[PDB]
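# What the coordinates show
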Amino acid sequence: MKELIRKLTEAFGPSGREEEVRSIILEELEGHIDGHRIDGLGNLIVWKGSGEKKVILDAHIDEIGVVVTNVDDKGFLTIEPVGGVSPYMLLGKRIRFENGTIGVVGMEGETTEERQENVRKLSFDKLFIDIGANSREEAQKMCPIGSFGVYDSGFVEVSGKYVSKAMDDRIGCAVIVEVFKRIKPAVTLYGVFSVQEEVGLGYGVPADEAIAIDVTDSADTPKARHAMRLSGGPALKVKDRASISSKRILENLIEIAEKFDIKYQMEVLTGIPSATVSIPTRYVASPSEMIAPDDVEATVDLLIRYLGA
Amino acid sequence: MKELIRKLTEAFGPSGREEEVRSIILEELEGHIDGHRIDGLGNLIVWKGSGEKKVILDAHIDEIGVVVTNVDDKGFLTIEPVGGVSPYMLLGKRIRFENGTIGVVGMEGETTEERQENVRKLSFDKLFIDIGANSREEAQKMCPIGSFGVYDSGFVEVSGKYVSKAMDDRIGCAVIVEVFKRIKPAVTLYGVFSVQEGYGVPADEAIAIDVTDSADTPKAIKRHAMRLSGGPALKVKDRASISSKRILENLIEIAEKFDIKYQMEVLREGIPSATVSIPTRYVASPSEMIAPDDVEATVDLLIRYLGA
């Protein structure tokens with residue numbers, strides 16, 4: 001499953017331009033789905049099987065990033081965040097744009113003191129991106145205003161661990177894709193690959209259950225609520241104010257996991273019945289998000305036992 | 001071109017399941033092309049010629065339709081649209097599915113009172129499709145969830161006009177096919193028959209063969225001014241590059257010189273582009289109408305411009 005994860009995490013698809021991720025999902029699903037449609041609202045819906053129960057599995061395909069907002073007369077670009085990206089993750093980083101263009105992130109500051117003051121309280125109007133252009137006009141042909149860029153970071157193996165950009169939520173996408181690749185479904189199985197709605201503001205199909213496959217913070221680094229750990233298994237979410245029928249879903253998955261010796265952890269926080277299953281991830285919103293591949297496999301196991309028979 | 005247009009418009013090809021459209025196009029182009037390929041999404045790319053200038057002609061092969069989202073206990077189907085299909089265009093119609101199955105669209109609410117307050121606020125969950133099934137089991141075996149359907153309408157002549165489903169954009173597909181059938185190319189000519197909307201074709205120019213609304217009906221949309229028998233419609237894009245405007249200027253001189261009828265359609269852009277459109281009445285209904293002379297004038301225009 002390693003190559004599927006590389007391809008998905010490495011895909012270009014910031015909130016706004018996810019279309020290359022949709023192509024990668026579909027080509028990976030070629031031969032494993034009975035059909036696919038992109039519904040009115042930007043969603044790739046795929047399906048397999050014909051059981052009476054209709055189960056949806058949903059992961060979102062957009063990643064955090066940057067959008068170009070101005071260009072200056074020397075060809076330096078002004079950027080603002082897309083999704084929850086911190087400027088501290090951007091100092092000295094390279095950024096990939098849609099056309100292949102690579103840019104370098106720098107920070108303003110006339111004097112040694114002015115630059116240390118800027119890093120103490122860093123803001124996106126003290127950053128710039130350098131794409132090698134010399135003129136406002138040479139830069140606008142390469143990356144015009146409104147262009148999206150992403151971490152120019154790719155997938156690598158650190159010991160057991162898998163590290164890449166955009167584990168949140170390309171790993172959820174990979175879990176769904178690998179379920180469709182392996183499953184003989186006892187249900188009518190939908191795979192829904194959504195775009196997150198921008199924060200200043202329902203599926204195309206009726207189903208009986210929907211299971212969101214997400215990323216959850218793995219709080220097992222230095223100086224760290226009985227929270228989620230890498231290699232603890234998939235994190236089954238305990239949501240307050242869940243319905244009878246949602247709670248039944250959660251109890252199913254638990255029983256499946258115990259019955260089959262599938263490691264899992266229970267995650268407590270501090271209309272179609274729904275559950276949430278999350279992959280524990282270190283360093284969310286950085287260029288080197290980290291997962292344990294045994295949790296990813298544990299998660300595919302659990303969903304195949306639950307939906308496959 | 002009459003049989004070409006009948007075959008293409010009547011073909012089954014809703015977004016996703018276009019194999020019959022692709023197969024008919026290739027059948028019509030046998031011996032007229034130098035090669036083809038079907039890409040990963042289902043775009044068909046064909047080529048003819050070896051001139052220095054490379055021109056892509058592009059039309060899209062998918063049509064509007066419905067998708068089966070549920071089956072009930074007595075075999076009736078629930079549907080959602082695929083493309084811009086209006087629930088009022090589905091009242092009383094037949095829908096044809098990929099295996100030949102035919103369904104009748106009905107609307108819920110027996111009482112004559114609820115029937116006329118549904119058709120005020122009509123919605124796809126007031127609709128069902130009857131395929132003569134008597135249970136979910138019959139019905140799911142004929143037509144599983146996720147099955148696609150199209151209008152069950154075919155080609156007819158209406159006093160010198162042609163009427164069919166999916167003129168948008170099978171008529172653009174027949175324009176491309178006919179150009180390749182007739183032309184001695186001076187360019188390297190590519191034909192791209194696209195799926196849901198680079199193609200891996202490096203290309204000097206690209207001309208979209210589309211459908212435009214013919215606003216020459218009673219109380220027609222005021223904004224539109226294109227007309228059947230007015231010729232191919234040449235899109236004026238307010239924001240065209242020098243090279244895109246160069247293409248449009250080239251088409252106007254061809255049409256003026258060879259006495260071809262044409263009309264001007266007025267309101268990251270890398271590959272230079274222009275748009276040539278067939279004026280069409282009743283787009284998105286089972287009975288879209290074109291004038292064959294616009295189609296022939298469009299074919300004429302492209303052949304005088306791209307070779308002979």
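On to the overall build of chain A. Scanning chain A from N- to C-terminus turns up 7 helices and 17 strands. Relative to its length of 309 residues, chain A is compact, with a C-alpha radius of gyration of 21 Å against a globular reference of 19 Å. With the principal axes as the frame, chain A shows a C-alpha extent of 65 × 45 × 35 Å.

All names here are of chain B. Read across the open sheet, the 8 strands follow the order β1-β2-β12-β3-β13-β16-β14-β15; overall the sheet is mixed. Lying at the two open borders of the sheet, with one neighbouring strand each, are β1 (35-38) and β15 (263-266). Put simply, the sheet's adjacent strands are angled 25° from each other on average, direction ignored. With 4 bridges connecting them, strand β14 (residues 233-236) and β15 associate as parallel partners. Residue pairing across strands places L234 opposite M264, the latter belonging to β15. Strands in contact with helix α2 (residues 19-29) are β1, β2 (44-48) and β12 (188-194); relative to β2, the strand with the most contacts, it is inclined by about 10°.

Turning our attention to the interface of chain B and chain A. By a widespread convention, an interface's size corresponds to the accessible area lost as its parts come together. Of the residues lining the interface, 11 residues belong to chain B; the matching set on chain A comes to 13 residues. Within the residue set of the side of chain B that touches chain A, elements represented by two or more residues are β4 (65-71) and β5 (77-82) of chain B. Counting residues per element, the side of chain B that touches chain A draws most heavily on β4(B), at 3 residues. Within the side of chain B that touches chain A, the residues separate by chemical class into 5 nonpolar, 3 polar and 3 charged.

A word on a nonpolar patch on the surface. On the surface, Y88(A), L91(A) and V119(A) cluster together into a nonpolar patch covering about 230 Å² of accessible area. Following the sequence through the fold, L91(A) ends up in the loop between β5 (76-82) and β6 (94-97).

Residues and elements named next belong to chain B. On inspection of all chains with the given rule, the structure shows 30 salt bridges over all chains. Ionic pairing is found between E157 and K2, a salt bridge with its closest N-O pair at 2.4 Å. Of this pair, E157 sits in strand β10 (residues 156-158) while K2 sits in helix α1 (residues 2-10), and the two are 155 residues apart along the sequence. Look at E157 and you get partly exposed, because its relative accessible area is 40%. What makes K2 partly exposed here is its relative accessible area of 33%. Beyond isolated ion pairs, a larger network of salt bridges with shared partners links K7, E27, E28 and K181.

A word on helix α6 (residues 244-259) of chain A. Residues separated by three or four positions in an α-helix point in the same direction, a consequence of the helix having 3.6 residues per turn. Residues and elements named next belong to chain A. End to end, α6 covers 22 Å across 16 residues, agreeing with the expected 22 Å (1.5 Å per residue, within 8%). Those residues of α6 that sit buried are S246, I249, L250, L253, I256 and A257. Down the axis, α6 shows its buried residues gathered within 125° of arc, on one side only. What points out from α6, more than 90 degrees from its buried face, is the exposed set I244, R248, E258 and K259. Backbone geometry just downstream of α6 places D261 in the positive-phi region, at approximately 65°.

Residues and elements named next belong to chain A. For strand β13 (residues 209-217), the tally of buried residues reaches 7 of 9 residues, placing the bulk of the element in the interior. Direction of pairing for β13 relative to strand β16 (residues 274-282): parallel, over a ladder of 8 bridges. Directly across from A210, in β16, lies its bridge partner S274.

Residues and elements named next belong to chain A. Looking at the assigned domains, one finds that chain A contains domain 1 (1-63 + 153-309) and domain 2 (64-152). For domain 1 and domain 2, the distance between their C-alpha centroids amounts to 32 Å. Listed per partner, the contact involves 13 residues of domain 1 and 14 residues of domain 2. Between domain 1 and domain 2 lies a buried interface of about 1200 Å² when both sides are counted; carbon and sulfur atoms form 68% of it. If you look at where domain 1 meets domain 2, you find 3 residue pairs in polar contact. A breakdown of the residues in the side of domain 1 that touches domain 2 according to their chemical character gives 4 nonpolar, 5 polar and 4 charged.

A few words on the nonpolar core. What tends to happen in soluble globular proteins is that the nonpolar side chains get buried as a cluster. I25(B), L57(B), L189(B), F193(B) and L306(B) are the most contacted members of the largest nonpolar core, which has 53 residues in total. Counting residues per element, this core draws most heavily on helix α5 (residues 167-182) of chain B, which supplies 9 residues. Judged by nonpolar contacts, the second largest core, of 52 residues, contains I5(A), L29(A), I279(A) and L303(A).

Mapped onto the fold, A235(A) is located in strand β14 (residues 235-238). Sequence-distant contacts of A235(A), defined by excluding residues within four places in its chain, comprise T216(A), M228(A), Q265(A), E267(A), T276(A), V277(A) and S278(A).

This brings us to the packing of aromatic side chains. Tallying each qualifying case throughout the model produces 6 aromatic pairs over all chains. Note on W47(B) and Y190(B): the rings are 5.9 Å apart at their centroids and 50° apart in plane angle, and the pair reads as tilted. Placement of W47(B) in strand β2 and of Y190(B) in strand β12 is noted, with a sequence separation of 143 residues between them. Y190(B) gets classed as buried once you look at its relative accessible area, which sits at 14%. If you follow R305(A) out to its NZ or CZ, it ends over the ring of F260(A), 4.0 Å from the centre.

This brings us to the environment of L302(A). Tracing the chain through its elements places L302(A) in helix α7 (residues 293-307). For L302(A), the contacting residues outside a window of four places in its chain are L236(A), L253(A), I256(A), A257(A) and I262(A).

So, about the packing of helix α2 (residues 19-29) of chain A against helix α5 (residues 167-182) of chain A. Residues and elements named next belong to chain A. It is the contact of α2 with α5, at a shortest axis distance of 10 Å, that shows an interaxial angle of 20°. By the angle between their directions, the pair α2 and α5 is classed as roughly parallel. Crossing geometry of α2 relative to α5 is assigned as right-handed. Judged by residue contacts, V21, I25, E28 and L29 of α2 engage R170, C173, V177, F180 and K181 from α5.

To summarise the sheet geometry, strands pair through backbone hydrogen bonds and adopt either a parallel or an antiparallel arrangement. All names here are of chain B. Strand order in this open sheet of 3 strands is β10-β11-β17, and the pairing throughout is antiparallel. Each having just a single partner strand, β10 and β17 (288-290) make up the two edges of the open sheet. Adjacent strand axes in the sheet meet at a mean angle of 35° when their direction is disregarded. Its contacts with the sheet place α5 against β11 (161-164) and β17, and it is angled at close to 35° to β17.

Conventions and cut-offs
- Residues numbered from 1 in each chain as written, not as in the entry; some residues may be left out.
- Chains lettered and ligands numbered in written order.
- Heavy atoms only, no water.
- Residues with missing side-chain atoms left out of burial classes, pairs and counts.
- Helix = DSSP H or I, 4+ residues; strand = E, 2+ residues; numbered from the N terminus.
- Rg over C-alpha atoms; globule rule 2.2 N^0.38 Å.
- Pairing = 2+ DSSP bridges.
- Axes fitted to C-alpha atoms, helices over the stretch in contact; angles between N-to-C directions.
- Contact = heavy atoms within 4.5 Å.
- Nonpolar A, V, L, I, M, F, W, Y, C, P; charged D, E, K, R; others polar.
- Patch = residues over 30% accessible without salt bridge, like charges linked within 9 Å, V, L, I, M, F, W, Y side chains within 5 Å.
- Areas by Shrake-Rupley, 256 points an atom, 1.4 Å probe, with all protein chains shown as cover.
- Salt bridge = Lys/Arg side-chain N within 4 Å of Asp/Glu carboxyl O.
- Buried < 20%, exposed > 50% of the residue type's maximum accessible area, 1.4 Å probe, protein only.
- Expected span 1.5 Å × (residues − 1).
- Arc of directions from axis to C-beta.
- Domains from an automatic or database assignment.
- Buried area = accessible area lost by both parts, 1.4 Å probe.
- Polar contact = N/O pair within 3.5 Å; in protein donor to acceptor, adjacent residues only side chain to side chain.
- Core = buried A, V, L, I, M, F, W, Y, C linked by side-chain atoms within 4.5 Å.
- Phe/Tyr/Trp six-rings, centres within 6.5 Å; stacked < 30°, edge-to-face > 60°.
- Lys NZ or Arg CZ within 6 Å of the ring centre and 35° of its normal.
- Parallel < 35°, antiparallel > 145°, perpendicular 65-115°, else oblique.
- Left-handed = near helix turned anticlockwise from the far one by under 90°.

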